[PDB]
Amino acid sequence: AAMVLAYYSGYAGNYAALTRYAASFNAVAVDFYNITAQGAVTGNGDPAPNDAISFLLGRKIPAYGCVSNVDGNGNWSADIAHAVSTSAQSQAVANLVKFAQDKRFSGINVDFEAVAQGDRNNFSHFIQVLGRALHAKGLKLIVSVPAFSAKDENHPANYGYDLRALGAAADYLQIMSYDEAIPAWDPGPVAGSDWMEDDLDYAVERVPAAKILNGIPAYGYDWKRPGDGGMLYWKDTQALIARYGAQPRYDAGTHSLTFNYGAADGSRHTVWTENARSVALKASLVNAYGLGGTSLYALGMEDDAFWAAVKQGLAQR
């Protein structure tokens, strides 16, 4: 009975995908909300997703309010995470609980990114208190965390996340096992299976596996050159291959698809993305590790073959 958590966020085609694929996922993170440094939950600038929430209630699909520490400029804010975890903790915890109640959410997904390394224990404590408060009301807690293994656990980007502590408090950790490479960096696998398995080994040693969700992207990246690239949605991969007549290579060691092409401006692009084999493989890791399930980022980027591959992999024993 694996959880199959879809992300409903600010992307074109989101609602069409939510409704088209509602037999494929069985929980949704409704990524429409921010929290302030005073602990108040707000909208994120996009229209309130009240239609999506109503749809999910009618389908009996659990919905989680996904709340981010994003400031008024649209930037991840270490300061907001610090404040919520310390001075505004009591307000934030109560407000998150009431927010879930008000919206008829089944729980909260805390998506706090750029947590400062100095806030490791503060953030763990916030999640402990929040988990107890949600549980006291029959609600659940999912915490989204960056994906890493021991070699990088002390990196400034990762040390704020104590998986052992977070996993003991939350119902699930949503391990963001994607963005292994990003446009700002050198080209490479975005969700390589070797890296993912290292990350999952690290997580399940520290957290009961049934409380872990892995993460599978419905996208890859297209680099013009290192540091210069853009997102390529799953649904657009085949058209791009066809536009340039590219011959894609399956990298078996990382279960990732790559290809190159020469653009009209003379640059040689490099794409790393997924195919059906790689998505099924990454979903099959739920059974290989005894995970609680998987998470897919995000609705609106995909087509029917993406969800067919997720289904196939989840059924692989």
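Residue numbers here begin at 1 and follow the sequence given.
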(message) Tell me which stretch has the larger mean Cα B-factor in this entry, 257-265 or 47-55.
(response) 257-265
(request) Taking the mean of the C-alpha B-factors per stretch from the entry, tell me the winner out of 272-280 and 66-74. (result) 66-74
(message) According to the Cα B-factor stored in this entry, which of the following is highest: 144, 177, 85, 106?
(response) 85
(request) Return the residue from 243, 98, 235, 140 that has the highest Cα B-factor in the entry. (result) 243
(request) Classify residue 34 as lowest, middle or highest third according to the C-alpha B-factor given in the PDB entry, relative to its own chain. (result) middle
(request) Would you mind checking where the Cα B-factor of residue 191 ranks among the modelled residues of its chain, as the lowest, middle or highest third? (result) lowest
(message) Please say which third, lowest, middle or highest, residue 285 falls into when its CA temperature factor is compared across its chain.
(response) middle
(request) Report the third (lowest, middle or highest) to which the CA temperature factor of residue 198 belongs, ranking only the modelled residues of the same chain. (result) middle
(request) Using the B-factors in the PDB entry, rank residue 216's C-alpha atom against the chain and give the third, lowest, middle or highest. (result) lowest
